[PDB]
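*Asks:* Top to bottom, those sequences are chains f and v.
Counted the way the entry's author numbering counts, the first sequence spans residues 1 to 74, 76 to 145.
Heads up: the second sequence begins at 2 in the entry's author numbering, then just goes up one per residue.
Note that the Cβ used here is the ideal one computed from N, Cα and C, for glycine as well.
Here it is, the structure, as structure tokens.
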Amino acid sequence: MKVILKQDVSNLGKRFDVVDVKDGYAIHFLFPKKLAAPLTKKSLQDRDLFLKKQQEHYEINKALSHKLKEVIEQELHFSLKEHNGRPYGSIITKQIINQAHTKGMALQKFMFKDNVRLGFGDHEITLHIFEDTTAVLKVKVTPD
Amino acid sequence: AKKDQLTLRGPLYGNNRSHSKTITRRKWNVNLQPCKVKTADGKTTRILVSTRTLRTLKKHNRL
RNA sequence: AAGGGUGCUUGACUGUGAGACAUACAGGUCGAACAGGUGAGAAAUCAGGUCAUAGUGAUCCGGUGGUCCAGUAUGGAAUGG
RNA sequence: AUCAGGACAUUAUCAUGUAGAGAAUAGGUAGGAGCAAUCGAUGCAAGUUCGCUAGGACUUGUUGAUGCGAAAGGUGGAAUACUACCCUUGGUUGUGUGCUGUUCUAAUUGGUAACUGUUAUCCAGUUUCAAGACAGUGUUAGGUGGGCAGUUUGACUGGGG
RNA sequence: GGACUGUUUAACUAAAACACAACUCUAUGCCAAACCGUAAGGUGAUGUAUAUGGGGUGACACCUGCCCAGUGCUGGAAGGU
RNA sequence: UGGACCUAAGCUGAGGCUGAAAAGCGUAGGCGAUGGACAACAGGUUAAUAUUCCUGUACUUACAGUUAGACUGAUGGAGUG
RNA sequence: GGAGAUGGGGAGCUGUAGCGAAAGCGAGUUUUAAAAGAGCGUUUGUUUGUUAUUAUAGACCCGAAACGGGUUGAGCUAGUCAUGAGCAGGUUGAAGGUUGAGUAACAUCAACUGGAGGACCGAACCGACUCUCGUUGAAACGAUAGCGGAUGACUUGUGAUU
RNA sequence: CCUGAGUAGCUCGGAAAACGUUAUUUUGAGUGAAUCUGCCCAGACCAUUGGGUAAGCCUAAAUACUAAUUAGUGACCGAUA
RNA sequence: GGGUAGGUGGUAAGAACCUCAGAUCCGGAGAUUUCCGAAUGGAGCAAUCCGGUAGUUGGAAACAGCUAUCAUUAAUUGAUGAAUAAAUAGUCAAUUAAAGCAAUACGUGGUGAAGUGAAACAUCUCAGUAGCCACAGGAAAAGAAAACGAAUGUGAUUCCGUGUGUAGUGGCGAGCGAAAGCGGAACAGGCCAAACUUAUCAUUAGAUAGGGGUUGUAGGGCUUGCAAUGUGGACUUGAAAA
Ligand SMILES: [Mg+2]
Ligand SMILES: [Mg+2]
Ligand SMILES: [Mg+2]
Ligand SMILES: [Mg+2]
Ligand SMILES: [Mg+2]
Ligand SMILES: [Mg+2]
Numbered sequence: 001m002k003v004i005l006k007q008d009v010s011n012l013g014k015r016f017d018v019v020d021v022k023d024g025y026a027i028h029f030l031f032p033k034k035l036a037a038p039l040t041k042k043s044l045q046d047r048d049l050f051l052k053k054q055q056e057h058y059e060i061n062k063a064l065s066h067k068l069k070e071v072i073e074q076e077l078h079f080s081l082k083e084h085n086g087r088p089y090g091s092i093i094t095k096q097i098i099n100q101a102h103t104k105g106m107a108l109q110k111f112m113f114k115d116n117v118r119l120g121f122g123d124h125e126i127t128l129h130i131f132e133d134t135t136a137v138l139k140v141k142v143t144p145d
Numbered sequence: 002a003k004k005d006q007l008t009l010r011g012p013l014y015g016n017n018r019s020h021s022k023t024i025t026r027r028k029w030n031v032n033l034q035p036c037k038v039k040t041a042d043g044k045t046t047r048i049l050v051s052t053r054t055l056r057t058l059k060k061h062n063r064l
């Protein structure tokens, strides 16, 4: 088992620390955003170097998150079949992701927060890029 | 085949020695679970893997 | 009298057993005599359950009590005897 | 993953209890002769709990320096303040477990649909939809189980039953 | 006697047996239940309770009484093991 | 009559699914007439063959080369079958 | 080593001290307080040949019905499935429909049409109720003569399947 | 500093080993260590003493068998063998 | 090459030839080697049917001669490419292996009965036997101690005799039956992982190829010196000889 947390303080009192209890296949193991620390060098060996790498990926998380914000705010156009504005089917996170590759951006659909769009027109969708960084993406649904 | 794919550990054949020691041939099947895995080329795959190797995969961080 | 009453006790002993009976085997039955330490009795004597004949069931396995037995190298123990 | 509930321990915290006599609500064994005052009394107001309708205590606000017959009286089998250890019963922050009960999803499932490999009702992959840590599945353990299997089911016997 | 027409023990029994139309009871809410298969898979069904499987009676008419102690079946919510 | 055309029940079955093993299931494809589609009649002859050979008269399906006309129109859609 | 007798090969086997459950003791030893008593002992070998008997292997021979495992068979027959064929001949004359009467309009009735049915009589066809014959037969289940169904839950060929 | 981790063990069901499950050895399910002052072993077990270092691989020879090629043998058969 | 004087396979005489320019015959090496058959272009009722592709010849052209090639699977290499932008699945091509058979025998491994014995029978035995199945091999398997096991001890494995029908195990019934020790046949023990070091991988290497090192009277690595040039084979190519 690997006790480590990363990128935030999640659901309990802790820090960017190894303060992690044995849960096994839980929020520890199906969350590929927190360290799986091997405690054979994570006492003092992997302490400072991985700490500085944490700040490196932390600052480049701000960096690339801001860059993808610039990409987002420099509009997703998803065309759909609508009956005078009300659609036949529905615009969910996967369509929004796939259409965001028209901007060259590969984003996970799990960062796109919200419920299914059933209408023509504009929608501002919240994008959880990181624990403390959320972007606004404009999504435009047009009749085809 | 009801054996796993990482290793080839198959069923074990033994006796159902009940009370009064009547023998009856019986099979033991490995615990097979559909947990995923990630290879070092992408190609995430779903493989029927036994639980004993699932633990090894879990500690070597092969997911 | 081997029956009835009384006094005293517990031989309703331990360790044995020459010689016989009847027996396919297993088993059963009787018993002089010897050592230890006793009871009754003045003493001789008697007493190893009852007047006699039935009243009971192998082996294996496991348990219980004692032990001048062993204890998978040694000391113990477990486990056996 | 998360929230709620109640149970038993305990970290820190209070109390809790009426046979009579005993100035009174005596739970047991001690060290015990003094003890209180800004870790603030007499008199009063409110209240949780408790109930012997009388009492206890805890918690607050005002009060302000004179006090304890619940030290010494006196009782009684056990005797009074003050520092401790042990019982009955309740509330608390706290964990530790599991127990039922919710919600949510990423594991997982699909004989919901769409798409591609593809001229393919199997299949694999992506998405959707419904379920949802249940189900199915491996081991382990109870129950019903002639559906199924291997077997016994005596002998004498004026024939055998 | 059985309602009928039919089927049956090739090669000793064609019948009063079996079937049947109709009746009732029960199971089953769809990945249905039952079933074959170790499982995949498949039937049921390219069906959906006016449908499907099973038990029992056996056209048509009239009737189908009493007992829920025992066995079985269904439900139960506190307790006991 | 049948292949070289077609498919039914069904059989086989790349990949694939399931199964200690062999094998089992199954998709695309492929096979599979008892069926669909396809153009020849009469008479004569030999010991033995005959819509097969011969005589007489026919039709079909391909292939080029040629004359004239016309823009053809499928591995797929539809109708017919 | 002549697919030899044999030579090497002492590792082991039996006998030479028994008794006791055993440590142990030792011509004694176990039981026993007992050195009494009793039990058991206080020397008669071994290796081969041959014969009798015996043990484990089928073990004198022949003899089951059966038990289990793997395969081969649905070309007869039973069922299902695809696809085809067959039922001479003759009767009865349904339901429905058209018309006429009747009905306030129905209902009902009469004529005509129509041509149903697990219908009728009976050959091919299928089946197999009775007698007689034959029963080492013509025949490993039949013949003459009768017999039931014969447009249907029918009969039958070809192919596939359990 | 290194000396083979879901590993040796421990638990639930079974078995190989002479042993009918027991030290040793293997394992379908669950859990799960240590690092030369170590780890395992000497029929449950602990201490002392002593032996050996798993959890990685490879290995001729002696051994089993002869349908086959060649030479040859037989106190083996001699056409119901 | 040998070897001579006959020969053209047996039921087989005759007919017609070859041969003593050295045939037939015998031995070595070669080539041919229709069709089916693992069968493999596609089928299929085995030994038959129907083809594609690329050459060449004939032909005016269909078409016919004559050649080669055309299964699936696995590994590797290259190209291409989806839902989806990249990527992977997939598809196409090239090269290399096997798929099968049999010696009714031997070996290993998986799975695994019953008859019978117990005077019946279930625990048990028959039996890990037969059978089914996979896999080779000339032999296989096993194997160089986390050992034996009771000692001033042996020192990989295998096989034979004995230990012994013992110690034990068994409804303590039937039955089963070692491991030590001892005498023998044969005899060899080698090599990786990891410490450390090198080069390179967006070096996030935790990866790729080297050096180094192989273990128990503990060893190896790390720092420092001396002695070494050699045996040895579980083994590559040539030459010569028997
Ligand atoms: Mg008496
Ligand atoms: Mg008496
Ligand atoms: Mg000892
Ligand atoms: Mg009836
Ligand atoms: Mg009746
Ligand atoms: Mg020991």
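#1: Helix, strand or coil for residue 58 of chain f, going by three-state DSSP, please let me know.
#2: Taking the straight line between their C-alpha atoms, what separation do you get for residue 8 of chain v and residue 133 of chain f?
#3: Could you please tell me which residues of the region 32-46 of chain f, in chain order, have their CB closer than 9 Å to any CB of chain v?
#4: Assuming residue 36 of chain f is part of the alpha helix (DSSP H), what are its boundary residues?
#5: Let me check understanding here. Comparing Cα to Cα, which of f:82, f:77 and f:131 lies closest to residue 94 of chain f?
#6: Taking only beta-carbon positions, decide if residue 110 of chain f is within less than 9 Å of chain v.
#7: What residues match up with residue 14 of chain v in a beta bridge as DSSP calls it?
#8: Chain f beta carbons: is any one of them nearer than 9 Å to that of residue 3 of chain v?
#9: In or out: residue 66 of chain f buried (at least 16 other Cβ within 10 Å) or exposed?
#10: Going by DSSP, what residue range makes up the alpha helix (DSSP H) through residue 53 of chain v?
#11: Considering just the uninterrupted stretch of the alpha helix (DSSP H) at residue 40 of chain v, what are its terminal residues?
#12: Would you decide whether residue 34 of chain v is buried or exposed? Buried here means 16 or more other CB atoms lie within 10 Å of its CB.
#13: What span of residues does the beta strand (DSSP E) with residue 136 of chain f cover, start to end?
#14: Is the CB-CB distance between residue 4 of chain f and residue 53 of chain f below 9 Å?
*Replies:* Working from what's here:
#1: As a first step, residue 58 of chain f must be located in the first sequence, where it is residue number 58. Residue 58 of chain f falls in the helix class under three-state DSSP.
#2: In the second sequence, counting from the first residue as 1, residue 8 of chain v sits at position 7. In the first sequence, counting from the first residue as 1, residue 133 of chain f sits at position 132. Near 44 Å, if we compare the C-alpha coordinates of residue 133 of chain f and residue 8 of chain v.
#3: 32, 36 and 38
#4: As a working note, residue 36 of chain f is residue 36 in the first sequence. Counting along the chain, residue 36 of chain f falls outside any alpha helix (DSSP H), and DSSP gives it neither H nor E.
#5: Mapped onto the first sequence, residue 94 of chain f falls at position 93. Nearest C-alpha to residue 94 of chain f: f:77.
#6: Position 109 of the first sequence, counting from 1, holds the residue named residue 110 of chain f. It does not: the Cβ of residue 110 of chain f has no partner Cβ on chain v nearer than 9 Å.
#7: Taking the second sequence and counting its residues from 1, one reaches residue 14 of chain v at position 13. The partner list for residue 14 of chain v (beta bridge, DSSP) reads v:28.
#8: Taking the second sequence and counting its residues from 1, the one referred to as residue 3 of chain v is at position 2. It does not; no Cβ of chain f falls within 9 Å.
#9: Mapped onto the first sequence, residue 66 of chain f falls at position 66. It is exposed - the Cβ of residue 66 of chain f has fewer than 16 other Cβ atoms within 10 Å.
#10: On the second sequence, residue 53 of chain v is found 52 positions in, with the first residue counted as 1. Here the alpha helix (DSSP H) through residue 53 of chain v covers 52-60.
#11: For the purposes of this step, residue 40 of chain v is taken as residue 39 along the second sequence, with counting starting at 1. Looking at the DSSP string, residue 40 of chain v is not in any alpha helix (DSSP H); the run it does join, the beta strand (DSSP E), is 37-40.
#12: Position 33 of the second sequence, counting from 1, holds the residue named residue 34 of chain v. Flag for residue 34 of chain v reads exposed.
#13: Numbered from its first residue, the first sequence carries residue 136 of chain f at position 135. Counting along the chain, the beta strand (DSSP E) containing residue 136 of chain f begins and ends at 134-144.
#14: In the first sequence, counting from the first residue as 1, residue 4 of chain f sits at position 4. In the first sequence, counting from the first residue as 1, residue 53 of chain f sits at position 53. For residue 4 of chain f and residue 53 of chain f, no; Cβs fall outside 9 Å.
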